[PDB]
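Accompanying notes for the structure given below.
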Amino acid sequence: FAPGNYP
Amino acid sequence: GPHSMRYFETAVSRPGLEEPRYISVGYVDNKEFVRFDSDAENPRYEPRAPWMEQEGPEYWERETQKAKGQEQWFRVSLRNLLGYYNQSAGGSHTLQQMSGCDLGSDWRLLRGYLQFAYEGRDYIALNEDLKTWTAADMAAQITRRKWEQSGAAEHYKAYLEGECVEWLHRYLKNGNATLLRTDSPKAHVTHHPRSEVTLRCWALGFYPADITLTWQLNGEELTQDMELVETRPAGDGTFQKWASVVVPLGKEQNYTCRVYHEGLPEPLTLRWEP
Amino acid sequence: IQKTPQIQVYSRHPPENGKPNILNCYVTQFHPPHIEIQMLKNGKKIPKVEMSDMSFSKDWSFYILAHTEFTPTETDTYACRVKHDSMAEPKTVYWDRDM
């Protein structure tokens, strides 16, 4: 489960 | 035993290309298990372990959508870095990210990680507390100030303590056989004459890669005057290494090689055998 | 910023002449990731060379494993040829079967 970076 | 999960992401721009290429690789217990690459036609996260194909179709789409978001995030970051470092266009640049979860033999989180590199050098990292940032470079202070004032940290802390952990638990149960099994090193000594003879101690068929080889003469590990190679993949999922010493022919058998590896019940001891 | 690749050339199994085997070219510790790797038999390029995909280590440097099916003989020489930005010319490393 990959991360999504803080916009 | 203890377990881990990581995601290594890279975006590369080159002096020919218009747009950077973005690649992301996931690992579980240091073994690759998922990969995405923007250069493929229909770019998508695709499995890399027989035990991951088991996962459903909506799992795969979700991940892909994240990757697409990451790609844009990296693209804008690359453009800003050129300005932060006053780099004129027409070079090659790289931006890398490592993030993940470490767990103890009890399956509880030991530590989260989140680090970035520009041009292969440390740019900014989330400290072990998961609250504060380290950034060495003068240019990187721009980023540290933005993120300090925004709860970037709290975002990543929630992921590392939450999803990273829960999914790693899921993955660990599913591919239980490949990951838990270690392969102990099978070792032997080879003989190579010289002016003086060369003893080469081999270790083969071991997993995971960490290993240590030493040579001893009357109980003293021989520091200088020992050659070795970096540990290297056989290509079948095991690894190799060797360590050689040069000794007088006839003073053979006064020398012992020791192999230390986590798969052994105890260290192996070996001598030259005709 | 440029890091020069370290190269090892070696076989999967202990080499014996006439017996099928895999020859590996392990290239590590380089930056930037763009690199061209060719495996050579008596100075000549081998056609079907399998390249691992882009990967990097905890220290941020990249690595690649190139391999190919081969049958060693007494006199066939094998080599790996690596082109990278850190080096003015391509570097050729010869297979030494004792290591």
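Using the numbering of Swiss-Prot, the residues shown for chain B are 25-219, 222-300, in order.
Cβ atoms are placed via backbone N, Cα and C, with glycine included.
In the disulfide annotation of Swiss-Prot, B:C188 is paired with B:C125 out of the candidates B:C125, B:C227. A break of 2 residues separates B:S219 from B:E222 in the model, and their Cα atoms lie 5 Å apart. Note: the region 'Alpha-2' (B:115-206) comprises 36 helix, 29 strand, 27 coil (DSSP; helix = H, G, I, strand = E, B). Applying an under-8 Å Cβ distance to chain A, the recorded positions B:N110, B:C188, B:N280, B:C283 reduce to B:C188.
Cα of B:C188 (disulfide bond) to Cα of B:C227 (disulfide bond): a span of 40 Å.
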